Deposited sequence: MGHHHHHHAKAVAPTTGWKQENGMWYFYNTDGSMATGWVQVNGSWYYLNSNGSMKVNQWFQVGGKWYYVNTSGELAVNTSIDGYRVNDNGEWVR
């Protein structure tokens, strides 16, 4: 199957061909970040490209809120 798939309580994103997304994924307007092993980052602040970003328990990137964050969420 395609899209979000939970395996052992862990979230992964499967593209149409079968392949696993990694990196930033946009789903329904929200941003998510995947680790290089495809697993979804959750509930924490992390650093990529020298900018700080925060994802909640659902894995969505917090944007335009509070430390501040913009449309990109930096």
### Message
Please report every deposited-sequence interval that has no C-alpha in the structure, sorted by position.
### Response
1-14, 81-83, 92-94
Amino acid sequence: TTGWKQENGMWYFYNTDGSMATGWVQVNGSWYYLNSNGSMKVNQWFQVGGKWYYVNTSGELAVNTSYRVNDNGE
From here on, numbers count along this sequence of modelled residues.
### Summary
Entry B factor averaged over C-alpha atoms, 45-53 against 25-33: higher for 45-53
### Task
Please work out which of 12-20 and 55-63 has the higher mean CA B-factor as recorded in the PDB entry.
55-63
